Every structure is written in C-alpha cells, then in structure tokens.
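J.:
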Amino acid sequence: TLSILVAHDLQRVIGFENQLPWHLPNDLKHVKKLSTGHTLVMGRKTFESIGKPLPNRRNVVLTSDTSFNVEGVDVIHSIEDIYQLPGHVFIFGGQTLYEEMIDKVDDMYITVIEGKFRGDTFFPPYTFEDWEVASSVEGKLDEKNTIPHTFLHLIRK
Ligand SMILES: NC(=O)c1ccc[n+]([C@@H]2O[C@H](COP(=O)([O-])OP(=O)(O)OC[C@H]3O[C@@H](n4cnc5c(N)ncnc54)[C@H](OP(=O)(O)O)[C@@H]3O)[C@@H](O)[C@H]2O)c1
Ligand SMILES: CCc1nc(N)nc(N)c1C#CCc1cc(-c2ccc(C(=O)O)cc2)ccc1OC
Numbered sequence: 001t002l003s004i005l006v007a008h009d010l011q012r013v014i015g016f017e018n019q020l021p022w023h024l025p026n027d028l029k030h031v032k033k034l035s036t037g038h039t040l041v042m043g044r045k046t047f048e049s050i051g052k053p054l055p056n057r058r059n060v061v062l063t064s065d066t067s068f069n070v071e072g073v074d075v076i077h078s079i080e081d082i083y084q085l086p087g088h089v090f091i092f093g094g095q096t097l098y099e100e101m102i103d104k105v106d107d108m109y110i111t112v113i114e115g116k117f118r119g120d121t122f123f124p125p126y127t128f129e130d131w132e133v134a135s136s137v138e139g140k141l142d143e144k145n146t147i148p149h150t151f152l153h154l155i156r157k
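At position 17 of the sequence shown the residue is numbered 17 (the entry's author numbering), and the sequence of numbers has no breaks.
1. Could you have a look at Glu80 and say whether DSSP puts it in helix, strand or coil?
2. Count the other CB atoms within 10 Å of the CB of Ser35; is the residue buried (16 or more) or exposed (fewer)?
3. Give every residue of the same chain whose Cβ lies closer than 8 Å to the Cβ of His38, excluding the five residues on either side of it in the sequence, and list them in chain order.
4. Output the distance between the C-alpha atoms of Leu97 and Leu2, rounded to the nearest integer angstrom.
5. Apply the 10 Å Cβ neighbour rule to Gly93 and answer buried if 16 or more other Cβ atoms are within range, or exposed otherwise.
6. Give the range of the alpha helix (DSSP H) segment to which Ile50 is assigned.
7. Tell me where the beta strand (DSSP E) around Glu132 begins and ends.
8. Comparing C-alpha positions only, which one of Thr63, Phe151, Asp65, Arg156 sits nearest to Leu24?
9. Using a 10 Å radius around the Cβ and a threshold of 16 neighbouring Cβ atoms, would you call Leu28 buried or exposed?
10. Thinking C-beta only, is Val75 closer than 8 Å to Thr63?
11. Quick check on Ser64: does DSSP put it in helix, strand or coil?
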C-alpha cells in the first residue's frame, strides 16, 4: 500500500521556513499511530528539519546526495526506488514528494488544519471528484490543541 500522509491548512499550506506553521500535538500523535511499524518516505529537506529519524518505523530519505548516510535511515536516490519498498509506505512530504507522488498513491491521510497560515510550501490542488471520503473525523480541541482540524482518509476513485 502506498499512501500520502500530510497536514495542510485551508489554502493547502504545509510548511514555512522548513518547519510546520502550526503547533498541534494531536496531529503528531495521529502521524505516530498511522506510521509506527511501517515506512515513512521523505525528501531531504523534510528529513533535515526533523533532524533525526522517527522511532519505531522505517525512515527512508529521498536525496540526490550520494554522500547521504545517516544512522537509522535508509537512502533512495530515485522516485522509482519507492516502488520497491515493502509493506505500507507513507509519502511524508515535503512539497516536492507530494507533487511527485499524488498521482501515484492509493490513498491519502490528510489532516485539514482549519485555519489560514503563512506558508512557503504547499500541497498540490486536488478535487473530491477524484477522491472518495472513506472517513472524516473532527479533531478534539483542548488546552494543547487549539486549532480546529479534521482527519480525512481519501481513497482514489
Ligand atoms: N504539513 C505537513 O504534513 C508536512 C510534511 C512534511 C514536510 N512538510 C514541510 O514541507 C517543507 C519542505 O518541502 P520541500 O519541497 O521544500 O522539500 P522536501 O520535499 O522535503 O525535500 C526536497 C529534496 O528532496 C529530494 N528529492 C525530491 N525529489 C527527488 C528526486 N526525484 N530524486 C532525488 N532527490 C529528490 C531533493 O534532495 P537533494 O537536494 O538533497 O537532492 C530535494 O531537494 C517544509 O516546510 C516542511 O515543514 C510539511
Ligand atoms: C507531524 C506533521 C505532519 N502531520 C501529518 N498529518 N502528516 C505529515 N507528513 C506531517 C509531517 C511532517 C514533517 C515534520 C514532522 C515533524 C515531527 C515532529 C514530531 C513528531 C512526533 O513527535 O512524533 C513527528 C513529526 C517535525 C517537523 C516536520 O517537518 C518540519
């Protein structure tokens, strides 16, 4: 299974200055639950922003850098390498990976951040006429999670 995993705002902002524009612990938990025990594929910039591989899952980084060799991280140098990865693979950003993979993935796990943030990187436009809403769940708000958000699972029609 090949899935997109992404949080984007009302205008499809996903990032600003190589970081997430929002602070939303519940979505990090969401990511943790979906991807633990499986595989995350991310572009080089996304990886460097995180700084270290995420625990308890396979971390795969796409880069043209032949010198890239980080402990706890597998490297790939081509999009086509993704298709050789076994198991449930999540395309985990950033903008370049999403643009390169959105027409190839089976489904998308999207957290819609229900606000308008300043961004410099975007999720590509998509239409619900191409995607069935398998599920849509409002995120619960609290003291630590104050931005409204919705968890979508979309499956390609
Ligand atoms: N909101 C979210 O769910 C979410 C999730 C992930 C990331 N983000 C955000 O996304 C932003 C980063 O996105 P970005 O587009 O700037 O960078 P990115 O996609 O994370 O990384 C781009 C790099 O990936 C490598 N790459 C991509 N395609 C390749 C290919 N076909 N062959 C070889 N290498 C390839 C290249 O690395 P080299 O230059 O080293 O060759 C390229 O420079 C950040 O702001 C981050 O916070 C948001
Ligand atoms: C966690 C935000 C997010 N949500 C959803 N639904 N899909 C994604 N692909 C990402 C993402 C991402 C990349 C990223 C993750 C993190 C991050 C931080 C903490 C945790 C964690 O505590 O589990 C996970 C990812 C930090 C920075 C960062 O890019 C700047």
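Backbone N, C-alpha and C define an ideal beta-carbon position, used for all residues, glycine too.
T.: In terms of the structure at hand:
1. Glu80 sits in a helix when the DSSP states are folded into three classes.
2. Buried is the call here.
3. In chain order, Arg57, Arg58, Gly87, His88, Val89, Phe90 place their CB closer than 8 Å to the CB of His38, counting only its own chain and leaving out the 5 sequence neighbours on each side.
4. Taking the Cα positions, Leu97 is about 13 Å away from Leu2.
5. Burial of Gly93 is indicated by the presence of at least 16 other C-beta atoms within 10 angstroms of its C-beta.
6. From DSSP, the alpha helix (DSSP H) with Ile50 extends over 44 to 50.
7. Unbroken beta strand (DSSP E) run through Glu132: 131 to 138.
8. The shortest Cα separation from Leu24 among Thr63, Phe151, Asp65, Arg156 belongs to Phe151.
9. Exposed.
10. Yes, the pair counts as a contact, with Cβ atoms nearer than the cut-off.
11. Coil at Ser64, not helix or strand.
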